[PDB]
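There is one chain below, alone, in structure tokens, taken in the form deposited in one PDB entry.
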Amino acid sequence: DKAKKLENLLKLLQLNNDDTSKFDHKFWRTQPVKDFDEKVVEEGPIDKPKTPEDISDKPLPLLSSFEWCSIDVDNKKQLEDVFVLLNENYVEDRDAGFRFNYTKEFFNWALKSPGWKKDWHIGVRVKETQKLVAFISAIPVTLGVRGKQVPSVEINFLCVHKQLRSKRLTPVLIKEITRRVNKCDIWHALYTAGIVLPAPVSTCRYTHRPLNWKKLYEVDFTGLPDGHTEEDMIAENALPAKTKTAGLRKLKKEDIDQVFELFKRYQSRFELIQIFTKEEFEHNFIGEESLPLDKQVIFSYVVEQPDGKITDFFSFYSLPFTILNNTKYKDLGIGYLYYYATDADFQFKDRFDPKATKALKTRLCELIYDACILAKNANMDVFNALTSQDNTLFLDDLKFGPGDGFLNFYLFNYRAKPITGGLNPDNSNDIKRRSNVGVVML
């Protein structure tokens, strides 16, 4: 009642002409989640503490015709099954012009994270045919939620085949993967969606830096502004071929220890983060051995000083679209800004000091300017960033356009207060406060 009131208001805040994928609440009403009207007095779990023994080993009943299944990443045939199911179904509109293009290379990187368990890469198949019709994945991480060590799981890649959509099969998937994670002494999750569900702990906005404006326009992924020319836009978004900041090079393995310190030192300013083990850190920021440029997933760069000191670190991952109804172009290169760290504001006591901000800003501008060059050179056509972290320092100056897509962050079975998503009351970039959202989901 005051739940629906505040939900409609939340939906109105986020109203737009769904860009990409975007889908009274009988399922979540029965779930360990913050409700909209609920003010949080103290942060912590929602359910009374439990043990694996209160949770059964028998998987939840599916309707007649279906069956569960693990997916072994390493098993080509099975892996392929996932990205076929995704690519064909992961975009609402069938004739939208674009399709997701999840590669084997990509899921090998994302789904094989330290502690990954094939039983957490869940699927559903038709009994008779063995057709994979639904998928959800879980991966282990300890989250940092305002100083508190939360041992949790990251749910991503929920997908249900379009032909049997709206069949309340999503609850079953969720319950079942909750079951499998509860049965291993994990009681929380971090999930993000573009859709508004009961527990938005945060909200950020997608933005786009054009790297190849001409192609972007020819594919209808960007507009031609009023009183402006095609050439004008080309000229406006023109990037140099070579990066500008001295010291810049790829992230070698030998850098892990020095970077990992700089990263958790830097990251420890945000209220919601993932606490990285040197193991999982190394896995995220160095991809499969020698992939070609059109298959490489994670791009990580560092700034080495003459004396060998590592000062800065930024990363980005590729996730291409397939472009359908278009004679000139078959696909669209998409870079996403990932995790980064810099020591440029370290010699300052307060993050929000006008001087500490000025310093951090002109550095982030330098680094992310180069990230763009690098991405363009990696043959990407557009560069996405999320108003999260300290992103709001450079988004505008670096010609990151406003993008009509919102990302809400959620915590399962845990209540936390609103965390700055880098947005103002009116959805413009909060350049004064920036964001305390430290995690970057896929």
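A residue's number is simply how far along the shown sequence it sits, counting from 1. Whichever C-alpha set is largest while still superposing within 1.5 Å between the two forms counts as the rigid core. Residues that one form lacks are left out of the comparison.
Output the stretch having the higher mean C-alpha B factor in the entry; the candidates are 235-243 and 81-89.
Looking at the record's C-alpha B-factors, the answer is 81-89.
Higher average CA B factor in the deposited record is what I'm after, so tell me if that's 67-75 or 99-107.
Per the deposited B-factors, the answer is 67-75.
Among the choices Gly144, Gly287, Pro210, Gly335, identify the one whose CA B-factor in the record is greatest.
It is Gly287.
By the entry's C-alpha temperature factors, tell me which of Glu254, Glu218, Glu271, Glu366 sits highest.
The record points to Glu254.
Among all modelled residues of this chain, ranked by Cα B factor, put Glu38 in the bottom, middle or top third, i.e. lowest, middle or highest.
Answer is highest: the recorded C-alpha B-factor places it there.
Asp119, C-alpha B-factor rank within chain (lowest, middle or highest third)
It belongs to the highest third of the chain when residues are ordered by C-alpha B-factor.
Where the record places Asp307 (Cα B-factor, split into thirds across the chain)
Tercile = highest for this residue's CA B-factor.
Classify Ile186 as lowest, middle or highest third according to the C-alpha B-factor given in the PDB entry, relative to its own chain.
For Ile186, the deposited C-alpha B-factor lands in the highest third.
CA B-factor ranking of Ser56, expressed as a third of its chain:
Highest third.
The form solved in complex with a partner chain exists for this protein as well; it is not shown, and the discussion that follows is about that form.
Check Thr192, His208 and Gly403: does every one of them have a heavy atom within 4.5 Å of the partner chain in the deposited complex?
Judged in the deposited complex, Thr192, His208 and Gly403 all sit within 4.5 Å of the partner chain.
Exercise: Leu248 in contact with the partner chain in the deposited complex, heavy atom 4.5 Å:
Residue-level check for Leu248: no, no contact with the partner chain.
Residue-level contact is defined here as any heavy atom of the residue lying within 4.5 Å of the partner chain in the deposited complex; does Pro171 satisfy this criterion?
Flag for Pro171 set to no.
Is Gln31 close to the partner chain in the deposited complex, meaning a heavy atom pair under 4.5 Å apart or at it?
Output for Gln31 is no: heavy atoms all beyond 4.5 Å of the partner chain.
Although the partner chain is absent from this view, report whether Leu319 comes within 4.5 Å of it in the deposited complex, heavy atoms only.
So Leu319 counts as contacting the partner chain.
Spot the stretch among 276-284, 93-101, 259-267, 108-116 with residues whose non-hydrogen atoms come within 4.5 Å of the partner chain in the deposited complex.
It is the stretch 93-101.
Quick check on this chain: which one of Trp213, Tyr369, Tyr336, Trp187 has a heavy atom within 4.5 Å of the partner chain in the deposited complex?
Spelling it out, the residue with a heavy atom inside the cut-off is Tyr336.
So which of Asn156, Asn75, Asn326, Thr229 reaches within 4.5 angstroms of the partner chain in the deposited complex, heavy atom to heavy atom?
Comparing distances to the partner chain in the deposited complex, the residue within 4.5 Å is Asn156.
With the two forms fitted on the rigid core, I'd like to know which residue in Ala96, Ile234, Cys365, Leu224 is displaced by 2 angstroms or more at its CA between this form and the one not shown.
So the residue whose C-alpha moves 2 Å or more is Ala96.
Can you tell whether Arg94 sits closer to or farther from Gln163 in the deposited complex than it does here, judged by CA atoms, where the change is 3 Å or more?
Farther, not closer.
Sense of CA distance change between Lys76 and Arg94 in the deposited complex, threshold 3 Å
Farther, not closer.
Give the consecutive runs of 3+ residues, present in both forms, in which every C-alpha shifts by 2 Å or more between this form and the one not shown after rigid core superposition.
Residues 94-96 form the sole shifted run.
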